[PDB]
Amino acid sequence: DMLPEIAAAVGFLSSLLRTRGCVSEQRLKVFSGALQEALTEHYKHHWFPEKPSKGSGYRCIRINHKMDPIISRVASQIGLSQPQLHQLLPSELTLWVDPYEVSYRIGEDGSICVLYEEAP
């Protein structure tokens, strides 16, 4: 039903902001909630538990020269600018949020790390 995978993904980003930033828990709670909501809306029509790769490119969260637009706008709601995000988050991040598995990679050549796995 998407909640756990989205929650794990948002929990990861929130943890990066807590550790690297000086961001209050009030703000981190707003950020976590709003991002969970935003991604739930974004992923609604692009979530196929029986085919986890289907929609994987659409759902993937990327940070390059550009910040991911959903992260940017939710971050703005808690008073973080994109320049700040560029500094607080890893610079070459890919975060895949798929049915039964959330994983990520930092840098084009970095390891693939599994954040969340669960059995269908």
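In this text, residue numbers run from 1 along the sequence as written.
Averaged over their C-alpha atoms, the temperature factors of 85-93 and 26-34 are higher for 85-93.
For the pair 96-104 and 12-20, the mean Cα B-factor is higher in 12-20. Each of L39, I78, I63, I71 has a CA temperature factor in the record; the biggest one is found at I63.
The deposited CA B-factor of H45 belongs to the middle third of values across its chain. When all modelled residues of the chain are sorted by CA temperature factor, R59 is found within the lowest third. In this PDB entry, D1 carries a Cα temperature factor that places it within the highest third of its chain's modelled residues. The PDB entry assigns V114 a C-alpha temperature factor belonging to the middle third of its chain's modelled residues.
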